[PDB]
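The structure file entry.txt is reproduced below (compact mmCIF, C-alpha atoms and all ligand atoms).
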# COMPACT_ATOMS: atom_id res chain seq x y z
CA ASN Z 16 -6.21 -18.61 -20.47
CA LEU Z 17 -3.28 -18.05 -23.00
CA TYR Z 18 -0.54 -15.28 -23.33
CA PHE Z 19 2.05 -13.75 -25.77
CA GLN Z 20 5.83 -13.22 -25.42
CA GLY Z 21 7.39 -10.14 -23.82
CA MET Z 22 4.25 -8.33 -22.67
CA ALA Z 23 5.30 -8.55 -19.01
CA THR Z 24 2.72 -11.22 -18.13
CA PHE Z 25 4.72 -13.52 -15.83
CA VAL Z 26 6.40 -13.09 -12.44
CA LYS Z 27 9.79 -14.03 -14.02
CA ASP Z 28 9.42 -10.98 -16.33
CA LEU Z 29 8.76 -8.47 -13.57
CA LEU Z 30 11.75 -9.76 -11.63
CA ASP Z 31 14.02 -9.18 -14.64
CA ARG Z 32 12.97 -5.53 -14.77
CA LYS Z 33 12.96 -4.57 -11.06
CA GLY Z 34 15.34 -7.00 -9.25
CA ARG Z 35 15.58 -10.26 -7.35
CA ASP Z 36 16.62 -8.93 -3.94
CA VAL Z 37 14.54 -9.07 -0.75
CA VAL Z 38 14.89 -6.83 2.30
CA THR Z 39 14.59 -8.66 5.56
CA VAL Z 40 14.63 -8.19 9.36
CA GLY Z 41 15.18 -10.87 12.15
CA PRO Z 42 12.37 -11.73 14.66
CA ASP Z 43 13.76 -9.99 17.74
CA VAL Z 44 14.03 -6.56 16.19
CA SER Z 45 11.35 -4.28 17.69
CA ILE Z 46 8.34 -2.78 15.81
CA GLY Z 47 9.90 0.66 16.03
CA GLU Z 48 13.06 -0.53 14.29
CA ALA Z 49 11.18 -2.48 11.59
CA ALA Z 50 9.52 0.83 10.78
CA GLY Z 51 12.96 2.50 10.54
CA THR Z 52 13.98 -0.17 8.01
CA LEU Z 53 10.75 0.40 6.00
CA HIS Z 54 11.76 4.07 5.72
CA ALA Z 55 15.50 3.92 4.90
CA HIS Z 56 14.78 1.37 2.07
CA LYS Z 57 11.59 3.25 0.90
CA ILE Z 58 9.50 0.06 0.97
CA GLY Z 59 6.16 -0.97 2.50
CA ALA Z 60 7.08 -4.48 3.59
CA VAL Z 61 9.83 -6.55 5.20
CA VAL Z 62 10.05 -10.34 5.40
CA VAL Z 63 10.80 -11.85 8.83
CA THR Z 64 13.54 -14.53 8.61
CA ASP Z 65 15.42 -16.53 11.35
CA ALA Z 66 19.11 -17.31 11.87
CA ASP Z 67 18.81 -20.21 9.41
CA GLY Z 68 16.95 -18.52 6.56
CA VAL Z 69 13.39 -19.76 7.29
CA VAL Z 70 10.55 -17.35 6.48
CA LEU Z 71 8.69 -16.68 9.71
CA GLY Z 72 6.24 -14.05 8.52
CA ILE Z 73 5.74 -10.66 6.95
CA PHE Z 74 5.33 -7.17 8.50
CA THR Z 75 3.91 -4.17 6.53
CA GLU Z 76 2.94 -0.55 7.19
CA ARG Z 77 -0.60 -1.90 7.75
CA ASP Z 78 0.55 -3.99 10.73
CA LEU Z 79 2.18 -0.77 12.06
CA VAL Z 80 -1.21 1.01 12.08
CA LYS Z 81 -3.04 -1.93 13.83
CA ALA Z 82 -0.28 -2.06 16.51
CA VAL Z 83 -0.40 1.57 17.49
CA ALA Z 84 -4.25 1.63 17.26
CA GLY Z 85 -4.44 -1.09 19.86
CA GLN Z 86 -1.47 -0.41 22.21
CA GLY Z 87 -0.09 3.08 21.48
CA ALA Z 88 3.46 4.07 22.44
CA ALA Z 89 4.20 0.67 24.16
CA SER Z 90 3.86 -1.29 20.96
CA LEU Z 91 7.07 0.23 19.46
CA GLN Z 92 9.01 -1.73 22.16
CA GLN Z 93 7.32 -5.04 21.32
CA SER Z 94 8.99 -7.57 19.07
CA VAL Z 95 8.08 -7.60 15.39
CA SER Z 96 6.90 -11.28 15.92
CA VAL Z 97 3.72 -10.33 17.81
CA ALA Z 98 2.33 -8.14 15.05
CA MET Z 99 3.54 -9.96 11.89
CA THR Z 100 1.39 -12.22 9.73
CA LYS Z 101 2.68 -15.84 10.10
CA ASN Z 102 0.73 -17.52 7.26
CA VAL Z 103 2.48 -16.13 4.25
CA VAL Z 104 0.84 -16.61 0.75
CA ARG Z 105 3.40 -16.93 -2.20
CA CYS Z 106 3.66 -17.16 -6.01
CA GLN Z 107 5.97 -18.89 -8.58
CA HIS Z 108 8.15 -17.73 -11.50
CA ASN Z 109 5.40 -18.73 -13.84
CA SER Z 110 2.49 -17.15 -11.99
CA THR Z 111 0.75 -14.49 -14.11
CA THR Z 112 -0.02 -10.87 -13.39
CA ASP Z 113 -3.77 -11.80 -13.72
CA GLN Z 114 -3.67 -14.39 -10.95
CA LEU Z 115 -1.57 -12.09 -8.87
CA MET Z 116 -4.30 -9.36 -8.99
CA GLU Z 117 -6.94 -11.84 -7.93
CA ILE Z 118 -4.83 -13.08 -5.00
CA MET Z 119 -4.19 -9.44 -3.89
CA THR Z 120 -7.82 -8.43 -4.24
CA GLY Z 121 -9.33 -11.56 -2.55
CA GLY Z 122 -6.83 -11.93 0.30
CA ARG Z 123 -6.71 -8.07 0.83
CA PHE Z 124 -2.96 -7.67 0.92
CA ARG Z 125 -0.48 -6.02 -1.51
CA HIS Z 126 2.74 -8.03 -1.24
CA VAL Z 127 3.46 -11.51 -2.56
CA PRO Z 128 6.85 -13.26 -1.87
CA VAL Z 129 8.17 -15.39 -4.78
CA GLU Z 130 9.13 -19.08 -4.18
CA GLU Z 131 10.97 -21.71 -6.26
CA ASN Z 132 12.49 -24.91 -4.98
CA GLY Z 133 11.31 -24.00 -1.47
CA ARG Z 134 13.57 -20.97 -1.70
CA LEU Z 135 12.77 -17.27 -1.30
CA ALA Z 136 13.60 -15.67 -4.71
CA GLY Z 137 12.04 -12.24 -4.79
CA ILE Z 138 9.02 -10.12 -3.97
CA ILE Z 139 6.20 -8.69 -6.10
CA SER Z 140 4.12 -5.69 -5.00
CA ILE Z 141 0.79 -4.20 -6.23
CA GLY Z 142 2.74 -1.20 -7.69
CA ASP Z 143 4.90 -3.59 -9.80
CA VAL Z 144 1.75 -5.31 -11.15
CA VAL Z 145 0.21 -1.90 -11.98
CA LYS Z 146 3.29 -0.41 -13.70
CA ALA Z 147 3.48 -3.63 -15.79
CA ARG Z 148 -0.05 -3.17 -17.08
CA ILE Z 149 1.01 0.15 -18.54
CA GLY Z 150 4.86 0.56 -19.56
CA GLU Z 151 4.12 -0.64 -23.25
CA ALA G 23 -15.41 -0.07 -16.40
CA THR G 24 -13.11 2.91 -16.99
CA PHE G 25 -14.13 6.41 -15.65
CA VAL G 26 -13.77 7.71 -12.13
CA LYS G 27 -17.55 8.27 -12.05
CA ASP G 28 -18.03 4.51 -12.72
CA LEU G 29 -15.80 3.51 -9.85
CA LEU G 30 -17.63 5.72 -7.35
CA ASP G 31 -21.01 4.25 -8.37
CA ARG G 32 -19.68 0.83 -7.34
CA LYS G 33 -17.82 1.68 -4.17
CA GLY G 34 -19.40 4.89 -2.77
CA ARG G 35 -19.05 8.67 -2.64
CA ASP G 36 -18.20 9.00 1.03
CA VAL G 37 -14.87 10.21 2.40
CA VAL G 38 -13.38 9.63 5.89
CA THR G 39 -11.76 12.90 7.28
CA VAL G 40 -9.98 14.22 10.35
CA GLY G 41 -9.37 17.77 11.64
CA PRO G 42 -5.80 19.23 11.83
CA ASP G 43 -5.33 19.21 15.64
CA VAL G 44 -5.97 15.50 16.02
CA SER G 45 -2.74 13.74 17.02
CA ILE G 46 -0.89 11.32 14.78
CA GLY G 47 -1.63 8.55 17.28
CA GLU G 48 -5.39 9.24 16.97
CA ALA G 49 -5.16 9.60 13.19
CA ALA G 50 -3.76 6.02 13.28
CA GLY G 51 -6.73 4.92 15.41
CA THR G 52 -9.12 6.24 12.74
CA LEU G 53 -7.32 4.38 9.94
CA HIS G 54 -7.80 1.15 11.80
CA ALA G 55 -11.52 1.46 12.86
CA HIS G 56 -12.52 2.23 9.20
CA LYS G 57 -10.07 -0.28 7.72
CA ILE G 58 -8.49 2.28 5.38
CA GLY G 59 -4.99 3.46 4.48
CA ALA G 60 -5.60 7.20 4.28
CA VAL G 61 -7.50 10.04 5.78
CA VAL G 62 -8.07 13.51 4.30
CA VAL G 63 -7.28 16.52 6.53
CA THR G 64 -9.86 19.32 6.44
CA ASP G 65 -10.53 22.49 8.49
CA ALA G 66 -13.64 23.67 10.36
CA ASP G 67 -14.78 25.25 7.03
CA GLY G 68 -14.37 22.18 4.85
CA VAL G 69 -11.23 23.03 2.89
CA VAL G 70 -8.68 20.33 2.08
CA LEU G 71 -5.51 20.94 4.03
CA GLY G 72 -3.61 17.75 3.21
CA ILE G 73 -3.48 13.99 3.17
CA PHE G 74 -2.11 11.58 5.74
CA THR G 75 -1.48 7.79 5.15
CA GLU G 76 0.10 4.72 6.73
CA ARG G 77 3.25 5.80 4.84
CA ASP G 78 3.58 9.13 6.71
CA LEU G 79 3.06 7.05 9.94
CA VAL G 80 6.22 5.00 9.14
CA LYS G 81 8.32 8.15 8.38
CA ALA G 82 7.25 9.78 11.71
CA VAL G 83 8.10 6.89 13.95
CA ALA G 84 11.35 6.21 12.10
CA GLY G 85 12.47 9.81 12.70
CA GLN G 86 11.23 10.57 16.25
CA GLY G 87 9.90 7.36 17.81
CA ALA G 88 7.26 7.42 20.60
CA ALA G 89 7.10 11.24 20.83
CA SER G 90 5.74 11.47 17.28
CA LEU G 91 2.34 10.01 18.34
CA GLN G 92 1.84 13.17 20.42
CA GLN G 93 2.48 15.52 17.51
CA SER G 94 -0.22 17.05 15.40
CA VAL G 95 -1.22 15.33 12.14
CA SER G 96 -0.34 18.69 10.46
CA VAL G 97 3.42 18.37 10.72
CA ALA G 98 3.49 14.89 9.02
CA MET G 99 0.81 15.27 6.33
CA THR G 100 1.41 16.07 2.67
CA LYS G 101 0.02 19.62 2.03
CA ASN G 102 0.22 19.52 -1.80
CA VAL G 103 -2.53 17.06 -2.67
CA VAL G 104 -3.01 16.00 -6.34
CA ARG G 105 -6.52 15.12 -7.52
CA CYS G 106 -8.67 13.65 -10.30
CA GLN G 107 -12.10 14.43 -11.80
CA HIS G 108 -15.35 12.51 -12.54
CA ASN G 109 -14.23 11.91 -16.16
CA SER G 110 -10.57 10.94 -15.48
CA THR G 111 -9.80 7.44 -16.67
CA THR G 112 -8.43 4.22 -15.17
CA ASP G 113 -5.37 4.59 -17.47
CA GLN G 114 -4.53 8.12 -16.44
CA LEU G 115 -4.97 7.23 -12.76
CA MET G 116 -2.33 4.45 -13.04
CA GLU G 117 0.17 6.88 -14.49
CA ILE G 118 -0.45 9.54 -11.81
CA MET G 119 0.01 6.86 -9.07
CA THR G 120 3.13 5.39 -10.63
CA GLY G 121 4.86 8.68 -11.44
CA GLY G 122 3.97 10.42 -8.20
CA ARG G 123 4.59 7.31 -6.07
CA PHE G 124 1.36 7.45 -4.01
CA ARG G 125 -1.78 5.36 -3.81
CA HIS G 126 -4.77 7.59 -3.13
CA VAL G 127 -6.21 10.35 -5.28
CA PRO G 128 -9.04 12.52 -3.97
CA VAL G 129 -11.82 13.37 -6.45
CA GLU G 130 -12.79 17.02 -7.17
CA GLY G 133 -14.03 22.95 -6.44
CA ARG G 134 -15.43 20.45 -3.97
CA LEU G 135 -14.30 17.12 -2.53
CA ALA G 136 -16.62 14.41 -3.86
CA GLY G 137 -14.92 11.01 -3.24
CA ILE G 138 -11.64 9.15 -3.15
CA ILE G 139 -10.04 6.52 -5.35
CA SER G 140 -7.32 4.06 -4.28
CA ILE G 141 -4.93 1.79 -6.17
CA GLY G 142 -7.02 -1.23 -4.92
CA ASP G 143 -10.16 0.15 -6.63
CA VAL G 144 -8.35 0.69 -9.92
CA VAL G 145 -6.97 -2.90 -9.72
CA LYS G 146 -10.27 -4.62 -8.92
CA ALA G 147 -11.87 -2.66 -11.79
CA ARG G 148 -9.34 -4.06 -14.30
CA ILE G 149 -10.42 -7.63 -13.39
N1 LIG R 201 7.59 4.14 -10.29
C1 LIG R 201 7.83 2.83 -10.10
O1 LIG R 201 8.67 2.21 -10.76
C2 LIG R 201 7.07 2.15 -8.98
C3 LIG R 201 6.16 2.93 -8.23
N2 LIG R 201 5.49 2.38 -7.19
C4 LIG R 201 4.58 3.24 -6.51
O2 LIG R 201 5.09 3.42 -5.16
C5 LIG R 201 3.96 3.45 -4.26
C6 LIG R 201 4.15 2.39 -3.18
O3 LIG R 201 4.38 1.15 -3.85
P1 LIG R 201 3.74 -0.29 -3.52
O4 LIG R 201 3.74 -1.20 -4.70
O5 LIG R 201 2.40 -0.07 -2.89
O6 LIG R 201 4.89 -1.08 -2.67
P2 LIG R 201 6.15 -0.62 -1.78
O7 LIG R 201 6.37 0.83 -1.62
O8 LIG R 201 6.10 -1.61 -0.62
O9 LIG R 201 7.27 -1.22 -2.72
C7 LIG R 201 8.09 -0.36 -3.56
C8 LIG R 201 9.04 -1.23 -4.34
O10 LIG R 201 9.89 -1.96 -3.46
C9 LIG R 201 9.73 -3.34 -3.61
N3 LIG R 201 9.78 -4.03 -2.30
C10 LIG R 201 8.81 -4.04 -1.37
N4 LIG R 201 9.21 -4.79 -0.32
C11 LIG R 201 10.44 -5.24 -0.56
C12 LIG R 201 11.43 -6.05 0.16
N5 LIG R 201 11.14 -6.54 1.39
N6 LIG R 201 12.62 -6.30 -0.43
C13 LIG R 201 12.90 -5.82 -1.65
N7 LIG R 201 12.03 -5.05 -2.32
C14 LIG R 201 10.81 -4.73 -1.85
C15 LIG R 201 8.43 -3.54 -4.31
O11 LIG R 201 8.77 -4.45 -5.30
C16 LIG R 201 8.22 -2.26 -5.04
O12 LIG R 201 8.84 -2.34 -6.34
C17 LIG R 201 2.69 3.12 -5.11
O13 LIG R 201 1.92 4.29 -5.40
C18 LIG R 201 3.18 2.59 -6.45
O14 LIG R 201 2.28 2.87 -7.55
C19 LIG R 201 5.63 1.06 -6.83
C20 LIG R 201 6.54 0.24 -7.57
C21 LIG R 201 7.28 0.79 -8.64
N1 LIG R 202 -12.28 -6.14 -2.28
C1 LIG R 202 -12.37 -4.87 -2.67
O1 LIG R 202 -13.40 -4.38 -3.20
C2 LIG R 202 -11.13 -4.02 -2.41
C3 LIG R 202 -9.88 -4.63 -2.07
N2 LIG R 202 -8.75 -3.91 -1.86
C4 LIG R 202 -7.47 -4.57 -1.42
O2 LIG R 202 -7.24 -4.04 -0.11
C5 LIG R 202 -5.89 -3.74 0.21
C6 LIG R 202 -5.62 -2.28 0.51
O3 LIG R 202 -6.26 -1.46 -0.47
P1 LIG R 202 -5.67 -0.12 -1.18
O4 LIG R 202 -6.23 -0.13 -2.59
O5 LIG R 202 -4.20 -0.09 -0.96
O6 LIG R 202 -6.23 1.16 -0.35
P2 LIG R 202 -6.98 1.30 1.13
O7 LIG R 202 -6.72 0.12 2.07
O8 LIG R 202 -6.59 2.74 1.47
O9 LIG R 202 -8.49 1.25 0.58
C7 LIG R 202 -9.39 0.22 0.96
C8 LIG R 202 -10.73 0.81 0.54
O10 LIG R 202 -11.00 2.02 1.26
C9 LIG R 202 -11.17 3.16 0.40
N3 LIG R 202 -10.66 4.35 1.13
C10 LIG R 202 -9.38 4.58 1.52
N4 LIG R 202 -9.26 5.74 2.25
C11 LIG R 202 -10.50 6.28 2.37
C12 LIG R 202 -11.11 7.49 2.99
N5 LIG R 202 -10.36 8.42 3.67
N6 LIG R 202 -12.43 7.67 2.88
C13 LIG R 202 -13.21 6.81 2.23
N7 LIG R 202 -12.74 5.72 1.61
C14 LIG R 202 -11.42 5.37 1.65
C15 LIG R 202 -10.51 2.77 -0.88
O11 LIG R 202 -11.33 3.38 -1.85
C16 LIG R 202 -10.74 1.26 -0.91
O12 LIG R 202 -12.07 0.97 -1.37
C17 LIG R 202 -5.16 -4.07 -1.05
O13 LIG R 202 -4.38 -5.25 -0.79
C18 LIG R 202 -6.20 -4.21 -2.16
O14 LIG R 202 -5.73 -5.19 -3.07
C19 LIG R 202 -8.83 -2.57 -1.96
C20 LIG R 202 -10.03 -1.92 -2.29
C21 LIG R 202 -11.21 -2.63 -2.54
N1 LIG R 203 1.96 -12.63 1.45
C1 LIG R 203 1.06 -12.33 2.40
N2 LIG R 203 0.25 -13.25 2.96
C2 LIG R 203 -0.66 -12.97 3.94
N3 LIG R 203 -0.86 -11.76 4.46
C3 LIG R 203 -0.10 -10.74 3.96
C4 LIG R 203 0.92 -10.97 2.90
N4 LIG R 203 1.52 -9.83 2.61
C5 LIG R 203 0.89 -8.92 3.43
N5 LIG R 203 -0.06 -9.45 4.24
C6 LIG R 203 -0.90 -8.83 5.28
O1 LIG R 203 -1.95 -8.02 4.81
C7 LIG R 203 -2.13 -6.88 5.64
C8 LIG R 203 -2.01 -5.60 4.79
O2 LIG R 203 -0.88 -5.84 3.94
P1 LIG R 203 -0.26 -4.92 2.77
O3 LIG R 203 -1.27 -4.55 1.69
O4 LIG R 203 0.65 -5.99 2.31
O5 LIG R 203 0.35 -3.81 3.55
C9 LIG R 203 -1.00 -7.00 6.66
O6 LIG R 203 -1.37 -7.67 7.86
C10 LIG R 203 -0.04 -7.92 6.03
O7 LIG R 203 0.61 -8.62 7.06
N1 LIG R 204 -3.18 12.15 -3.92
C1 LIG R 204 -2.01 12.51 -3.36
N2 LIG R 204 -1.35 13.66 -3.74
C2 LIG R 204 -0.16 13.95 -3.14
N3 LIG R 204 0.45 13.19 -2.17
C3 LIG R 204 -0.12 12.03 -1.70
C4 LIG R 204 -1.44 11.61 -2.28
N4 LIG R 204 -1.78 10.47 -1.68
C5 LIG R 204 -0.78 10.19 -0.79
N5 LIG R 204 0.20 11.10 -0.79
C6 LIG R 204 1.45 11.16 0.01
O1 LIG R 204 2.47 10.34 -0.62
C7 LIG R 204 2.98 9.28 0.24
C8 LIG R 204 2.54 7.83 -0.15
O2 LIG R 204 1.16 7.62 0.20
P1 LIG R 204 0.29 6.32 -0.11
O3 LIG R 204 1.01 5.53 -1.21
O4 LIG R 204 -1.05 6.86 -0.50
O5 LIG R 204 0.20 5.61 1.25
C9 LIG R 204 2.52 9.75 1.62
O6 LIG R 204 3.57 10.58 2.14
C10 LIG R 204 1.28 10.65 1.43
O7 LIG R 204 1.25 11.72 2.43

Represent the structure contained in this file as structure tokens.
Ligand SMILES: NC(=O)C1=CN([C@@H]2O[C@H](COP(=O)(O)OP(=O)(O)OC[C@H]3O[C@@H](n4cnc5c(N)ncnc54)[C@H](O)[C@@H]3O)[C@@H](O)[C@H]2O)C=CC1
Ligand SMILES: NC(=O)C1=CN([C@@H]2O[C@H](COP(=O)(O)OP(=O)(O)OC[C@H]3O[C@@H](n4cnc5c(N)ncnc54)[C@H](O)[C@@H]3O)[C@@H](O)[C@H]2O)C=CC1
Ligand SMILES: Nc1ncnc2c1ncn2[C@@H]1O[C@H](COP(=O)(O)O)[C@@H](O)[C@H]1O
Ligand SMILES: Nc1ncnc2c1ncn2[C@@H]1O[C@H](COP(=O)(O)O)[C@@H](O)[C@H]1O
Amino acid sequence: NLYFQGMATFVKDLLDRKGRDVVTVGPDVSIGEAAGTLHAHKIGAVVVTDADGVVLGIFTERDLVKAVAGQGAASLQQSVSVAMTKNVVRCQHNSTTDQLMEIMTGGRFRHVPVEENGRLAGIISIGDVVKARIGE
Amino acid sequence: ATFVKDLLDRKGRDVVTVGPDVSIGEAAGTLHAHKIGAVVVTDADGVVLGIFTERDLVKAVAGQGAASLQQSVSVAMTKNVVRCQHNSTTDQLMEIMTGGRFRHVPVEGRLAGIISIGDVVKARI
């Protein structure tokens, strides 16, 4: 496939518009507090990192639902580590908004962390992708 | 690939609903069994009373922790529900979702389906 210049087609482009920052929680935070962080920052996702900066996993509103479905009130006390998804799929600065959609559709998740040089460098969400395919 | 009617022919006309007295905890149980992110709140008569998602679940537990699971779905749901029609387009949908900052738009004087941001996306590929 082949693309033109400044049509918001690449991950690098989306980052320039929205921002490079990522909100994170540590692994020993409880489920109930991860949810409180979701709400104060108005986001659907938080990346789980350790003392040293390693990505451990990813927790979203959808993990919240599964947790309470299965174990009710008690699950708010449990550590974010038992509900989070450990195998985290990523993209690169040069990934395209087309690939991204196919990853999100096929894998059935809505958040993709951006990597470069083994580093965490931002996060792209389905709502970013969608806005890009309109805003001009 | 581009009307609401087209999307419903591919995915289905059905909608998953709960009553208003169901607790937030049980609402959450329904979301998981059906693998969906939202559930439309209707009365004994069939009228749409609001919409409740995984996002309202987050706001509830953030504010009042374990006790919120006991509360009725009615105090956490969004009462003012925006909708689309059989002949709404893919484009318009995207702007409604982006501007309003939500991800589900019920199809309509009767309820006749529901469209989510994931549907719209898969249709554009
Ligand atoms: N009006 C706008 O500019 C935007 C509107 N939306 C709408 O908001 C609703 C919810 O959005 P979703 O994309 O489903 O995602 P979301 O609500 O999880 O994310 C919202 C924004 O926060 C960012 N974000 C998510 N997790 C983050 C983290 N850990 N650290 C830093 N930033 C993070 C995402 O990039 C996204 O731009 C949707 O209906 C969508 O259409 C989403 C993005 C932008
Ligand atoms: N493979 C496929 O055909 C689809 C894949 N997806 C992917 O799944 C993940 C979550 O999808 P979202 O679009 O955020 O929404 P969602 O998880 O709320 O929707 C999943 C499916 O359920 C439907 N749905 C939701 N609430 C319903 C209700 N009350 N009654 C009847 N049907 C209902 C939606 O139309 C969609 O087909 C995303 O990561 C997305 O990329 C989403 C839809 C279809
Ligand atoms: N990058 C990712 N890799 C694998 N699973 C993910 C990723 N992001 C989210 N998920 C999972 O997909 C499910 C629904 O995610 P979401 O659409 O991201 O709320 C949750 O279990 C998430 O943990
Ligand atoms: N079609 C809609 N019209 C109005 N509000 C909605 C609609 N869909 C969801 N909401 C609400 O907006 C927020 C985001 O929902 P969602 O992105 O669908 O998980 C939640 O507080 C919902 O109660």

Residues of range 34-121 of chain Z within 9 Å of range 39-56 of chain G: nearest atom pair and distance (Å, one decimal) for each, counting all atoms listed in the file, sorted by chain and number, as a Markdown table?
| residue | atom | partner | partner_atom | distance |
| --- | --- | --- | --- | --- |
| Z:77 | CA | G:54 | CA | 8.8 |
| Z:80 | CA | G:50 | CA | 5.7 |
| Z:81 | CA | G:54 | CA | 6.0 |
| Z:83 | CA | G:50 | CA | 7.0 |
| Z:84 | CA | G:51 | CA | 4.5 |
| Z:85 | CA | G:51 | CA | 7.8 |
| Z:87 | CA | G:47 | CA | 7.1 |
| Z:88 | CA | G:47 | CA | 8.5 |

Restricting it to C-alpha atoms, dump the selection as a compact mmCIF listing (two decimals), in the frame of the given file.
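Output (result33.txt):
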# COMPACT_ATOMS: atom_id res chain seq x y z
CA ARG Z 77 -0.60 -1.90 7.75
CA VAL Z 80 -1.21 1.01 12.08
CA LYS Z 81 -3.04 -1.93 13.83
CA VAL Z 83 -0.40 1.57 17.49
CA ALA Z 84 -4.25 1.63 17.26
CA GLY Z 85 -4.44 -1.09 19.86
CA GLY Z 87 -0.09 3.08 21.48
CA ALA Z 88 3.46 4.07 22.44

Chain Z residues near ligand LIG 203 (chain R) within 10 Å, closest pair each, using only C-alpha atoms and all ligand atoms, as a Markdown table:
| residue | atom | partner | partner_atom | distance |
| --- | --- | --- | --- | --- |
| Z:59 | CA | R:LIG203 | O5 | 6.6 |
| Z:60 | CA | R:LIG203 | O4 | 6.7 |
| Z:61 | CA | R:LIG203 | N4 | 9.3 |
| Z:62 | CA | R:LIG203 | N4 | 9.0 |
| Z:72 | CA | R:LIG203 | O7 | 8.0 |
| Z:73 | CA | R:LIG203 | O7 | 5.5 |
| Z:74 | CA | R:LIG203 | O7 | 5.1 |
| Z:75 | CA | R:LIG203 | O5 | 4.7 |
| Z:76 | CA | R:LIG203 | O5 | 5.5 |
| Z:77 | CA | R:LIG203 | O5 | 4.7 |
| Z:78 | CA | R:LIG203 | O6 | 5.0 |
| Z:79 | CA | R:LIG203 | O6 | 8.8 |
| Z:80 | CA | R:LIG203 | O6 | 9.7 |
| Z:81 | CA | R:LIG203 | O6 | 8.4 |
| Z:98 | CA | R:LIG203 | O6 | 8.1 |
| Z:99 | CA | R:LIG203 | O7 | 5.8 |
| Z:100 | CA | R:LIG203 | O7 | 4.5 |
| Z:101 | CA | R:LIG203 | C2 | 7.6 |
| Z:102 | CA | R:LIG203 | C2 | 5.8 |
| Z:103 | CA | R:LIG203 | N2 | 3.9 |
| Z:104 | CA | R:LIG203 | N2 | 4.1 |
| Z:105 | CA | R:LIG203 | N1 | 5.8 |
| Z:106 | CA | R:LIG203 | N1 | 8.9 |
| Z:118 | CA | R:LIG203 | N1 | 9.4 |
| Z:119 | CA | R:LIG203 | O3 | 8.0 |
| Z:120 | CA | R:LIG203 | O3 | 9.6 |
| Z:122 | CA | R:LIG203 | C2 | 7.2 |
| Z:123 | CA | R:LIG203 | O1 | 6.2 |
| Z:124 | CA | R:LIG203 | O3 | 3.6 |
| Z:125 | CA | R:LIG203 | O3 | 3.6 |
| Z:126 | CA | R:LIG203 | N4 | 4.4 |
| Z:127 | CA | R:LIG203 | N1 | 4.4 |
| Z:128 | CA | R:LIG203 | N1 | 5.9 |
| Z:129 | CA | R:LIG203 | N1 | 9.2 |
| Z:138 | CA | R:LIG203 | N1 | 9.2 |
| Z:139 | CA | R:LIG203 | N1 | 9.5 |
| Z:140 | CA | R:LIG203 | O4 | 8.1 |
| Z:141 | CA | R:LIG203 | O3 | 8.2 |

Query raised in the report: Which residues form the shell of 6 Å around ligand LIG 202 (chain R) when you count all atoms listed in the file, given as a PyMOL selection string?
Result: (chain Z and resi 119-120+123-125) or (chain G and resi 36-39+58-62+138-143)

Only C-alpha atoms, please: the residues just picked out, written as a PDB file, in the frame of the given file.
ATOM      1  CA  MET Z 119      -4.190  -9.440  -3.890  1.00  0.00           C
ATOM      2  CA  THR Z 120      -7.820  -8.430  -4.240  1.00  0.00           C
ATOM      3  CA  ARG Z 123      -6.710  -8.070   0.830  1.00  0.00           C
ATOM      4  CA  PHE Z 124      -2.960  -7.670   0.920  1.00  0.00           C
ATOM      5  CA  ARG Z 125      -0.480  -6.020  -1.510  1.00  0.00           C
TER       6      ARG Z 125
ATOM      7  CA  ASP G  36     -18.200   9.000   1.030  1.00  0.00           C
ATOM      8  CA  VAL G  37     -14.870  10.210   2.400  1.00  0.00           C
ATOM      9  CA  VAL G  38     -13.380   9.630   5.890  1.00  0.00           C
ATOM     10  CA  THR G  39     -11.760  12.900   7.280  1.00  0.00           C
ATOM     11  CA  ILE G  58      -8.490   2.280   5.380  1.00  0.00           C
ATOM     12  CA  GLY G  59      -4.990   3.460   4.480  1.00  0.00           C
ATOM     13  CA  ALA G  60      -5.600   7.200   4.280  1.00  0.00           C
ATOM     14  CA  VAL G  61      -7.500  10.040   5.780  1.00  0.00           C
ATOM     15  CA  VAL G  62      -8.070  13.510   4.300  1.00  0.00           C
ATOM     16  CA  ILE G 138     -11.640   9.150  -3.150  1.00  0.00           C
ATOM     17  CA  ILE G 139     -10.040   6.520  -5.350  1.00  0.00           C
ATOM     18  CA  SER G 140      -7.320   4.060  -4.280  1.00  0.00           C
ATOM     19  CA  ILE G 141      -4.930   1.790  -6.170  1.00  0.00           C
ATOM     20  CA  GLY G 142      -7.020  -1.230  -4.920  1.00  0.00           C
ATOM     21  CA  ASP G 143     -10.160   0.150  -6.630  1.00  0.00           C
TER      22      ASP G 143
END

Query raised in the report: Taking into account all atoms listed in the file, which residue in the set Z:52, Z:109, Z:20, Z:45 is nearest to chain G?
Result: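 Distance minimum relative to chain G lands on Z:52.
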
Query raised in the report: When distances are computed from all atoms listed in the file, which of Z:91, Z:57, Z:136, Z:32 shows the smallest separation from ligand LIG 204 (chain R)?
Result: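 Closest to ligand LIG 204 (chain R), using all atoms listed in the file: Z:57.
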
Requested in this report: Find the residues around residue 106 in chain G up to 10 Å (all atoms listed in the file counted), leave out those fewer than 3 positions away in its own chain, and share them as JSON, numbers by chain.
Outcome: {"G": [26, 109, 110, 111, 114, 115, 118, 127, 128, 129, 130, 137, 138, 139]}

Residues from the last selection, C-alpha atoms, saved as a compact mmCIF listing (two decimals), in the frame of the given file:
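Final output, saved to part_32.txt:
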# COMPACT_ATOMS: atom_id res chain seq x y z
CA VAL G 26 -13.77 7.71 -12.13
CA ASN G 109 -14.23 11.91 -16.16
CA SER G 110 -10.57 10.94 -15.48
CA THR G 111 -9.80 7.44 -16.67
CA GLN G 114 -4.53 8.12 -16.44
CA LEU G 115 -4.97 7.23 -12.76
CA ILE G 118 -0.45 9.54 -11.81
CA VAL G 127 -6.21 10.35 -5.28
CA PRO G 128 -9.04 12.52 -3.97
CA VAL G 129 -11.82 13.37 -6.45
CA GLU G 130 -12.79 17.02 -7.17
CA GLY G 137 -14.92 11.01 -3.24
CA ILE G 138 -11.64 9.15 -3.15
CA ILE G 139 -10.04 6.52 -5.35
